[PDB]
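A single chain comes next, written as structure tokens; it is the form deposited in one PDB entry.
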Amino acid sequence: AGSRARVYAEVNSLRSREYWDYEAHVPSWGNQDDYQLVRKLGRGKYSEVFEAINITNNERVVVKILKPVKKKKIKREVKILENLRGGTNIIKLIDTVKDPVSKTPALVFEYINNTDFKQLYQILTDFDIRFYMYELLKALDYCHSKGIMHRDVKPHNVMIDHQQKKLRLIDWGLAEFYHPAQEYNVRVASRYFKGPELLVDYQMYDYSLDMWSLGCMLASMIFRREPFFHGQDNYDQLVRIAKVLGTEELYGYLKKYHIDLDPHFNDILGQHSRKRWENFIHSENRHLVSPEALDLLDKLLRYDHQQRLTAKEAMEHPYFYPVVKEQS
């Protein structure tokens, strides 16, 4: 009873238990022998990802082979992806398969011909940023409405085909179902995209974590500083945030939620005023920054998770009016 989401708070409790009780989920595991691996795309602590071809129909796909011991976590990701079926700009799960001999599981996703983000983010126009952020927000509003927090929003997990103008939010392996008053593990998200709640060990967080991460992405795009908050470790990450948002403002947040602050911070936080967002503007980024971009950003990058815009409120902001007009 410390904090709850302003939107979609009870949505899982209003659904059948089967919807959110992923430990009880029984996937249907098809045959990986239908897929030919063509090229390694990446590796992570839990998986390796390959471009592949379905030899039965010639479809190009991506196969994520799961390090197989994490059974509850596999069920979680599979159930989440089933529940998100058809969601706007969510990567499409085509099938759940196993090597028929070893029984190692894998997930098969639609292919996206993505443009490497480091390159891409140096060439985006003002309209491009509005467009891609609006499309990403559609995915977040969808998953939040489905009772799910992504918990790993970051540029790599936002595939963008800049030629076909397609965006997909990938890598649901850290995602979780939101339940009011539930305490969650704070060891989620990439360092640079972790909300202050995670950095101060506040476990009663919600969908608004993803809105901090989105705000970090927005700042990086309009200001051309990627990542925007570049901490050296989790402690320094909060310091970098506080140098922008201010230290007195941090303490007000902690007091509101009765958050205990790890005393190692006492020696490193210093004293910082809250900075004006206009301080980040210079000749190299001025064409990407508007009053409406800064107003939106200011309402996303807030310590107080409750006061951040929801994905829907963000979509409704004037910054996106030019995109809505084109889509209509």
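Definition used throughout: the rigid core is the maximal C-alpha set that superposes within 1.5 Å between two forms. Start at 1 with the first residue shown and count on from there.
Not on display, but discussed next: the form deposited in another entry.
Superposed on the core, the two forms barely differ at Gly252: its CA moves less than 2 Å between this form and the one not shown. Taking 2 Å as the criterion, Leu41 counts as shifted between this form and the one not shown: its C-alpha moves by at least this amount when the rigid core is aligned.
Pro180 is not among the residues whose C-alpha shifts by 2 Å or more between this form and the one not shown once the rigid core is aligned; its shift stays under 2 Å.
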